[PDB]
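The next block is coords27.txt, given as compact mmCIF, C-alpha atoms.
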```txt
# COMPACT_ATOMS: atom_id res chain seq x y z
CA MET A 94 110.74 55.35 73.23
CA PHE A 95 109.70 57.47 76.24
CA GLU A 96 109.40 54.54 78.68
CA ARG A 97 111.94 55.94 81.16
CA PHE A 98 110.08 58.86 82.75
CA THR A 99 108.91 59.28 86.34
CA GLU A 100 105.43 60.65 86.94
CA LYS A 101 106.78 64.14 87.58
CA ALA A 102 108.75 64.12 84.32
CA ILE A 103 105.56 63.16 82.49
CA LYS A 104 103.82 66.03 84.32
CA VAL A 105 106.53 68.43 83.02
CA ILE A 106 105.99 67.15 79.45
CA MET A 107 102.20 67.53 79.79
CA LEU A 108 102.77 71.12 80.90
CA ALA A 109 105.15 71.64 77.94
CA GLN A 110 102.34 70.46 75.62
CA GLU A 111 99.94 72.88 77.26
CA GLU A 112 102.50 75.71 76.82
CA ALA A 113 102.70 74.84 73.14
CA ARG A 114 98.92 74.97 72.82
CA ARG A 115 98.67 78.24 74.83
CA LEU A 116 100.65 79.92 72.00
CA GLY A 117 98.98 78.05 69.17
CA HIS A 118 101.87 75.70 68.44
CA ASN A 119 101.74 72.02 67.94
CA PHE A 120 105.20 70.87 68.88
CA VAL A 121 107.23 70.42 72.03
CA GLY A 122 110.62 72.10 71.67
CA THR A 123 113.33 72.88 74.14
CA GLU A 124 111.54 76.08 75.05
CA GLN A 125 108.24 74.37 75.97
CA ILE A 126 110.25 71.88 78.11
CA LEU A 127 111.82 74.88 79.87
CA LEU A 128 108.41 76.41 80.54
CA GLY A 129 107.06 73.10 81.84
CA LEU A 130 110.04 72.77 84.19
CA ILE A 131 109.50 76.23 85.60
CA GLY A 132 105.74 75.92 85.92
CA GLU A 133 105.55 72.41 87.34
CA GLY A 134 106.25 74.05 90.67
CA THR A 135 107.04 71.12 92.99
CA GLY A 136 110.02 69.22 91.69
CA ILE A 137 113.71 69.79 92.02
CA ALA A 138 113.88 71.59 88.67
CA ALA A 139 111.06 73.97 89.54
CA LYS A 140 112.53 74.68 92.96
CA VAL A 141 115.97 75.43 91.61
CA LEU A 142 114.63 77.65 88.82
CA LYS A 143 112.48 79.60 91.28
CA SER A 144 115.43 80.03 93.66
CA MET A 145 117.44 81.48 90.79
CA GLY A 146 114.77 84.04 89.87
CA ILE A 147 113.60 82.30 86.69
CA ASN A 148 109.96 83.33 86.60
CA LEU A 149 107.31 81.70 84.38
CA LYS A 150 105.78 85.02 83.15
CA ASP A 151 109.23 86.31 82.18
CA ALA A 152 110.16 83.12 80.42
CA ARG A 153 106.86 83.05 78.54
CA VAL A 154 107.38 86.62 77.37
CA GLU A 155 110.85 85.71 76.08
CA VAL A 156 109.64 82.58 74.37
CA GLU A 157 106.88 84.42 72.53
CA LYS A 158 109.33 87.15 71.48
CA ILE A 159 111.38 84.45 69.72
CA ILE A 160 108.77 82.02 68.25
CA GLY A 161 105.57 84.09 68.14
CA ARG A 162 102.14 82.61 68.03
CA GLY A 163 101.10 79.73 65.76
CA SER A 164 97.95 78.84 63.81
CA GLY A 165 96.09 77.62 66.95
CA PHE A 166 95.50 74.63 64.77
CA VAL A 167 95.39 71.68 67.07
CA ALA A 168 96.46 68.16 66.02
CA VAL A 169 96.33 65.19 68.47
CA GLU A 170 99.91 64.41 67.54
CA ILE A 171 102.18 66.81 69.37
CA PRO A 172 105.59 65.62 68.60
CA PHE A 173 108.88 66.62 70.02
CA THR A 174 111.30 68.65 67.93
CA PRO A 175 114.72 67.13 67.08
CA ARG A 176 116.45 69.29 69.72
CA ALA A 177 113.83 68.30 72.29
CA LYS A 178 114.49 64.63 71.49
CA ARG A 179 118.21 65.31 72.01
CA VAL A 180 117.35 66.87 75.37
CA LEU A 181 115.48 63.70 76.30
CA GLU A 182 118.50 61.55 75.35
CA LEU A 183 120.81 63.77 77.44
CA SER A 184 118.33 63.66 80.32
CA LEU A 185 118.56 59.88 80.44
CA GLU A 186 122.36 60.16 80.50
CA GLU A 187 122.13 62.62 83.40
CA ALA A 188 119.69 60.34 85.28
CA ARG A 189 122.08 57.40 84.94
CA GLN A 190 125.05 59.55 85.96
CA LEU A 191 123.12 60.36 89.13
CA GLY A 192 122.26 56.71 89.90
CA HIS A 193 118.75 56.63 88.42
CA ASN A 194 117.19 54.42 85.73
CA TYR A 195 114.28 56.83 85.26
CA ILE A 196 114.23 60.49 84.32
CA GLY A 197 112.94 62.97 86.95
CA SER A 198 112.50 66.75 86.70
CA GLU A 199 116.13 67.43 87.61
CA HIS A 200 117.31 65.23 84.82
CA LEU A 201 115.18 67.01 82.24
CA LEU A 202 116.70 70.30 83.44
CA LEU A 203 120.24 68.93 83.39
CA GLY A 204 119.70 67.57 79.92
CA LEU A 205 118.22 70.81 78.71
CA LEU A 206 121.29 72.72 79.95
CA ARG A 207 123.66 70.18 78.36
CA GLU A 208 122.09 70.46 74.97
CA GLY A 209 122.87 74.16 75.38
CA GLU A 210 121.86 75.35 71.99
CA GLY A 211 118.35 76.35 70.78
CA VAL A 212 115.36 78.42 71.88
CA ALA A 213 115.50 77.47 75.57
CA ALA A 214 119.19 78.40 75.73
CA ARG A 215 118.46 81.77 74.11
CA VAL A 216 115.61 82.37 76.61
CA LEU A 217 117.86 81.65 79.57
CA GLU A 218 120.50 84.03 78.16
CA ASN A 219 117.87 86.69 77.64
CA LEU A 220 116.70 86.30 81.25
CA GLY A 221 120.29 86.85 82.46
CA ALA A 222 120.66 83.30 83.70
CA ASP A 223 123.84 81.33 83.84
CA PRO A 224 123.38 77.69 82.82
CA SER A 225 126.54 76.56 84.58
CA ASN A 226 125.22 77.99 87.89
CA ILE A 227 121.79 76.36 87.32
CA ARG A 228 123.57 72.99 86.82
CA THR A 229 125.56 73.49 90.02
CA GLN A 230 122.46 74.35 92.01
CA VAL A 231 120.58 71.27 90.73
CA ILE A 232 123.36 68.91 91.75
CA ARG A 233 123.62 70.69 95.12
CA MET A 234 119.94 70.14 95.79
CA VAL A 235 120.03 66.51 94.74
CA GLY A 236 122.88 65.86 97.14
CA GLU A 237 121.20 67.71 99.98
CA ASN A 238 118.16 65.46 99.63
CA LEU A 239 120.04 62.11 99.82
CA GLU A 240 118.85 60.82 103.24
CA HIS A 241 115.38 60.77 101.71
```

Would you put the structure from the file into structure tokens?
Amino acid sequence: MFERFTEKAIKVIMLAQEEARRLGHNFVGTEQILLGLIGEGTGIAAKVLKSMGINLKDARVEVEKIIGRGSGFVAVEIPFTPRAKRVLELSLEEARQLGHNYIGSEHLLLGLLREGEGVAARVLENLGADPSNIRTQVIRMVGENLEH
């Protein structure tokens, strides 16, 4: 029930909502989570994605190519899609596998890559990215940061 996020994971989800609204959509799917991860800018996910050349403008262009622009209709409820909810479940699994009870930005990214199917996955493929390498680089960075 969404009680297991850190502040920075909530910040990524807020940015995913804003990315939905920017294109006139009123849902958060895997692809909006991807855009929020890239654009958040400060967390582990953002700093891995940037290192790997995954650029927000490029990702936005690919997202729009696949889903287009919506009605611009805004509703206060902005629910997650089923695949996004699956990503959130997988993100909690990844957090616990890494010794955390709460989901941070890296866990959202790891969960996104594990779901592996859906608009975000297609965007990453279209950008030339390799999800297995992204995973490896996330876990590398988490380990490097252990003394803090």

### Spatial neighbours of residue A:207, max dist 12 Å, all atoms listed in the file, sep filter under 3 positions, as a ChimeraX atom specification
/A:123,176-177,179-187,200-204,210-211,213-214,224-225,227-228

### Task
Just the residues within 9 Å of residue A:170, please, counting all atoms listed in the file, with nothing from its chain fewer than 2 positions along; format it as a list in words.
residues 119, 120, 167, 168 and 172 of chain A

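Ranking A:165, A:135, A:95, A:241 by their shortest atom-to-atom distance to residue A:111, with all atoms listed in the file included, puts A:165 first.
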
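For the set A:191, A:108, A:235, A:171, the residue with the smallest atom-to-atom gap to residue A:127 is A:108, counting all atoms listed in the file.
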
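Distances from A:152, A:212, A:94, A:102 to residue A:138 were compared using only C-alpha atoms, and the smallest one belongs to A:102.
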
Write only N, CA and C atoms for stretch 107-157 of chain A from the block just shown, as a PDB file, in the first residue's frame.
```pdb
ATOM      1  N   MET A 107       6.724  11.301  -7.888  1.00  0.00           N
ATOM      2  CA  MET A 107       6.165  12.630  -8.169  1.00  0.00           C
ATOM      3  C   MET A 107       6.616  13.091  -9.540  1.00  0.00           C
ATOM      4  N   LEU A 108       7.871  12.878  -9.860  1.00  0.00           N
ATOM      5  CA  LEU A 108       8.375  13.239 -11.201  1.00  0.00           C
ATOM      6  C   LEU A 108       7.713  12.366 -12.241  1.00  0.00           C
ATOM      7  N   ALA A 109       7.479  11.095 -12.008  1.00  0.00           N
ATOM      8  CA  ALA A 109       6.759  10.247 -12.959  1.00  0.00           C
ATOM      9  C   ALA A 109       5.357  10.785 -13.207  1.00  0.00           C
ATOM     10  N   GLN A 110       4.664  11.242 -12.170  1.00  0.00           N
ATOM     11  CA  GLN A 110       3.345  11.868 -12.349  1.00  0.00           C
ATOM     12  C   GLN A 110       3.441  13.110 -13.209  1.00  0.00           C
ATOM     13  N   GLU A 111       4.450  13.940 -12.978  1.00  0.00           N
ATOM     14  CA  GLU A 111       4.612  15.131 -13.773  1.00  0.00           C
ATOM     15  C   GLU A 111       4.927  14.774 -15.217  1.00  0.00           C
ATOM     16  N   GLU A 112       5.692  13.714 -15.473  1.00  0.00           N
ATOM     17  CA  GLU A 112       5.955  13.259 -16.844  1.00  0.00           C
ATOM     18  C   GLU A 112       4.713  12.755 -17.489  1.00  0.00           C
ATOM     19  N   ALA A 113       3.808  12.102 -16.784  1.00  0.00           N
ATOM     20  CA  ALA A 113       2.510  11.744 -17.325  1.00  0.00           C
ATOM     21  C   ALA A 113       1.766  12.994 -17.754  1.00  0.00           C
ATOM     22  N   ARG A 114       1.661  13.963 -16.854  1.00  0.00           N
ATOM     23  CA  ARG A 114       0.890  15.172 -17.132  1.00  0.00           C
ATOM     24  C   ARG A 114       1.493  15.986 -18.264  1.00  0.00           C
ATOM     25  N   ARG A 115       2.795  16.015 -18.402  1.00  0.00           N
ATOM     26  CA  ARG A 115       3.507  16.751 -19.469  1.00  0.00           C
ATOM     27  C   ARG A 115       3.014  16.294 -20.855  1.00  0.00           C
ATOM     28  N   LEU A 116       2.697  15.003 -20.974  1.00  0.00           N
ATOM     29  CA  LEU A 116       2.193  14.425 -22.228  1.00  0.00           C
ATOM     30  C   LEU A 116       0.738  14.156 -22.228  1.00  0.00           C
ATOM     31  N   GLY A 117       0.008  14.751 -21.285  1.00  0.00           N
ATOM     32  CA  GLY A 117      -1.455  14.678 -21.270  1.00  0.00           C
ATOM     33  C   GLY A 117      -2.050  13.363 -20.848  1.00  0.00           C
ATOM     34  N   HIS A 118      -1.269  12.555 -20.131  1.00  0.00           N
ATOM     35  CA  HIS A 118      -1.718  11.264 -19.641  1.00  0.00           C
ATOM     36  C   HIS A 118      -2.065  11.361 -18.206  1.00  0.00           C
ATOM     37  N   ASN A 119      -2.902  10.433 -17.744  1.00  0.00           N
ATOM     38  CA  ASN A 119      -3.249  10.409 -16.365  1.00  0.00           C
ATOM     39  C   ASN A 119      -3.123   9.000 -15.790  1.00  0.00           C
ATOM     40  N   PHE A 120      -1.894   8.483 -15.972  1.00  0.00           N
ATOM     41  CA  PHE A 120      -1.481   7.241 -15.358  1.00  0.00           C
ATOM     42  C   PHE A 120       0.019   7.314 -15.158  1.00  0.00           C
ATOM     43  N   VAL A 121       0.495   6.498 -14.210  1.00  0.00           N
ATOM     44  CA  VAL A 121       1.926   6.228 -14.083  1.00  0.00           C
ATOM     45  C   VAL A 121       2.183   4.801 -14.504  1.00  0.00           C
ATOM     46  N   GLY A 122       2.849   4.660 -15.649  1.00  0.00           N
ATOM     47  CA  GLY A 122       3.310   3.362 -16.146  1.00  0.00           C
ATOM     48  C   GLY A 122       4.796   3.183 -15.961  1.00  0.00           C
ATOM     49  N   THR A 123       5.287   2.044 -16.400  1.00  0.00           N
ATOM     50  CA  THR A 123       6.705   1.787 -16.331  1.00  0.00           C
ATOM     51  C   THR A 123       7.520   2.900 -16.956  1.00  0.00           C
ATOM     52  N   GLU A 124       7.011   3.440 -18.093  1.00  0.00           N
ATOM     53  CA  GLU A 124       7.770   4.431 -18.799  1.00  0.00           C
ATOM     54  C   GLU A 124       7.889   5.758 -18.035  1.00  0.00           C
ATOM     55  N   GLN A 125       6.831   6.153 -17.344  1.00  0.00           N
ATOM     56  CA  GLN A 125       6.906   7.385 -16.527  1.00  0.00           C
ATOM     57  C   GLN A 125       7.862   7.166 -15.326  1.00  0.00           C
ATOM     58  N   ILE A 126       7.861   5.947 -14.771  1.00  0.00           N
ATOM     59  CA  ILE A 126       8.829   5.630 -13.692  1.00  0.00           C
ATOM     60  C   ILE A 126      10.235   5.769 -14.252  1.00  0.00           C
ATOM     61  N   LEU A 127      10.503   5.229 -15.455  1.00  0.00           N
ATOM     62  CA  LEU A 127      11.814   5.395 -16.063  1.00  0.00           C
ATOM     63  C   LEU A 127      12.198   6.867 -16.172  1.00  0.00           C
ATOM     64  N   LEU A 128      11.283   7.683 -16.733  1.00  0.00           N
ATOM     65  CA  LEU A 128      11.596   9.095 -16.882  1.00  0.00           C
ATOM     66  C   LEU A 128      11.875   9.798 -15.532  1.00  0.00           C
ATOM     67  N   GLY A 129      11.068   9.438 -14.537  1.00  0.00           N
ATOM     68  CA  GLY A 129      11.326  10.002 -13.194  1.00  0.00           C
ATOM     69  C   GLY A 129      12.702   9.593 -12.654  1.00  0.00           C
ATOM     70  N   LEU A 130      13.086   8.341 -12.866  1.00  0.00           N
ATOM     71  CA  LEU A 130      14.401   7.892 -12.411  1.00  0.00           C
ATOM     72  C   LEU A 130      15.520   8.641 -13.037  1.00  0.00           C
ATOM     73  N   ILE A 131      15.387   8.851 -14.383  1.00  0.00           N
ATOM     74  CA  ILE A 131      16.434   9.604 -15.096  1.00  0.00           C
ATOM     75  C   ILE A 131      16.498  11.043 -14.614  1.00  0.00           C
ATOM     76  N   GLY A 132      15.324  11.683 -14.562  1.00  0.00           N
ATOM     77  CA  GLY A 132      15.268  13.107 -14.281  1.00  0.00           C
ATOM     78  C   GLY A 132      15.464  13.523 -12.862  1.00  0.00           C
ATOM     79  N   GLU A 133      15.347  12.576 -11.923  1.00  0.00           N
ATOM     80  CA  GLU A 133      15.463  12.938 -10.497  1.00  0.00           C
ATOM     81  C   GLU A 133      16.828  13.540 -10.203  1.00  0.00           C
ATOM     82  N   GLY A 134      17.843  13.049 -10.911  1.00  0.00           N
ATOM     83  CA  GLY A 134      19.138  13.680 -10.972  1.00  0.00           C
ATOM     84  C   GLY A 134      20.141  13.438  -9.871  1.00  0.00           C
ATOM     85  N   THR A 135      19.723  13.054  -8.673  1.00  0.00           N
ATOM     86  CA  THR A 135      20.654  13.014  -7.528  1.00  0.00           C
ATOM     87  C   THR A 135      20.872  11.635  -6.952  1.00  0.00           C
ATOM     88  N   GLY A 136      19.928  10.738  -7.135  1.00  0.00           N
ATOM     89  CA  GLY A 136      20.047   9.431  -6.529  1.00  0.00           C
ATOM     90  C   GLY A 136      20.917   8.475  -7.291  1.00  0.00           C
ATOM     91  N   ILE A 137      21.054   7.287  -6.724  1.00  0.00           N
ATOM     92  CA  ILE A 137      21.839   6.243  -7.361  1.00  0.00           C
ATOM     93  C   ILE A 137      21.293   5.923  -8.754  1.00  0.00           C
ATOM     94  N   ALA A 138      19.973   5.770  -8.876  1.00  0.00           N
ATOM     95  CA  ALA A 138      19.443   5.462 -10.204  1.00  0.00           C
ATOM     96  C   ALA A 138      19.815   6.525 -11.239  1.00  0.00           C
ATOM     97  N   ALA A 139      19.556   7.784 -10.893  1.00  0.00           N
ATOM     98  CA  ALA A 139      19.858   8.867 -11.816  1.00  0.00           C
ATOM     99  C   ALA A 139      21.310   8.906 -12.192  1.00  0.00           C
ATOM    100  N   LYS A 140      22.152   8.679 -11.191  1.00  0.00           N
ATOM    101  CA  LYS A 140      23.631   8.718 -11.464  1.00  0.00           C
ATOM    102  C   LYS A 140      24.369   7.457 -12.198  1.00  0.00           C
ATOM    103  N   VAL A 141      23.570   6.399 -12.142  1.00  0.00           N
ATOM    104  CA  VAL A 141      23.899   5.284 -13.012  1.00  0.00           C
ATOM    105  C   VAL A 141      23.398   5.532 -14.426  1.00  0.00           C
ATOM    106  N   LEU A 142      22.127   5.940 -14.555  1.00  0.00           N
ATOM    107  CA  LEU A 142      21.560   6.161 -15.886  1.00  0.00           C
ATOM    108  C   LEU A 142      22.348   7.227 -16.640  1.00  0.00           C
ATOM    109  N   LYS A 143      22.720   8.312 -15.982  1.00  0.00           N
ATOM    110  CA  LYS A 143      23.511   9.338 -16.623  1.00  0.00           C
ATOM    111  C   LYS A 143      24.876   8.797 -17.073  1.00  0.00           C
ATOM    112  N   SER A 144      25.537   8.019 -16.194  1.00  0.00           N
ATOM    113  CA  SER A 144      26.824   7.442 -16.534  1.00  0.00           C
ATOM    114  C   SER A 144      26.757   6.564 -17.766  1.00  0.00           C
ATOM    115  N   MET A 145      25.609   5.923 -17.980  1.00  0.00           N
ATOM    116  CA  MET A 145      25.417   5.026 -19.095  1.00  0.00           C
ATOM    117  C   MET A 145      24.839   5.681 -20.333  1.00  0.00           C
ATOM    118  N   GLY A 146      24.755   7.017 -20.325  1.00  0.00           N
ATOM    119  CA  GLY A 146      24.346   7.781 -21.499  1.00  0.00           C
ATOM    120  C   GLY A 146      22.870   7.808 -21.726  1.00  0.00           C
ATOM    121  N   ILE A 147      22.071   7.507 -20.725  1.00  0.00           N
ATOM    122  CA  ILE A 147      20.608   7.492 -20.840  1.00  0.00           C
ATOM    123  C   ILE A 147      20.151   8.868 -20.447  1.00  0.00           C
ATOM    124  N   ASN A 148      19.746   9.627 -21.466  1.00  0.00           N
ATOM    125  CA  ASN A 148      19.502  11.061 -21.427  1.00  0.00           C
ATOM    126  C   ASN A 148      17.970  11.305 -21.390  1.00  0.00           C
ATOM    127  N   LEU A 149      17.531  12.247 -20.555  1.00  0.00           N
ATOM    128  CA  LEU A 149      16.108  12.468 -20.372  1.00  0.00           C
ATOM    129  C   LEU A 149      15.412  12.864 -21.697  1.00  0.00           C
ATOM    130  N   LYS A 150      16.008  13.803 -22.447  1.00  0.00           N
ATOM    131  CA  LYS A 150      15.401  14.244 -23.729  1.00  0.00           C
ATOM    132  C   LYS A 150      15.212  13.015 -24.635  1.00  0.00           C
ATOM    133  N   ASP A 151      16.239  12.190 -24.776  1.00  0.00           N
ATOM    134  CA  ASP A 151      16.162  11.043 -25.646  1.00  0.00           C
ATOM    135  C   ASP A 151      15.074  10.084 -25.225  1.00  0.00           C
ATOM    136  N   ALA A 152      15.037   9.836 -23.895  1.00  0.00           N
ATOM    137  CA  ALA A 152      14.026   8.931 -23.371  1.00  0.00           C
ATOM    138  C   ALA A 152      12.618   9.493 -23.568  1.00  0.00           C
ATOM    139  N   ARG A 153      12.451  10.795 -23.351  1.00  0.00           N
ATOM    140  CA  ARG A 153      11.140  11.389 -23.591  1.00  0.00           C
ATOM    141  C   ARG A 153      10.712  11.242 -25.049  1.00  0.00           C
ATOM    142  N   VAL A 154      11.655  11.464 -25.963  1.00  0.00           N
ATOM    143  CA  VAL A 154      11.299  11.345 -27.383  1.00  0.00           C
ATOM    144  C   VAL A 154      10.842   9.913 -27.691  1.00  0.00           C
ATOM    145  N   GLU A 155      11.564   8.898 -27.149  1.00  0.00           N
ATOM    146  CA  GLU A 155      11.166   7.532 -27.359  1.00  0.00           C
ATOM    147  C   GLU A 155       9.833   7.159 -26.735  1.00  0.00           C
ATOM    148  N   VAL A 156       9.590   7.675 -25.513  1.00  0.00           N
ATOM    149  CA  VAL A 156       8.316   7.427 -24.887  1.00  0.00           C
ATOM    150  C   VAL A 156       7.179   7.976 -25.750  1.00  0.00           C
ATOM    151  N   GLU A 157       7.294   9.236 -26.139  1.00  0.00           N
ATOM    152  CA  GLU A 157       6.205   9.828 -26.927  1.00  0.00           C
ATOM    153  C   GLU A 157       5.977   9.096 -28.256  1.00  0.00           C
TER     154      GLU A 157
END
```
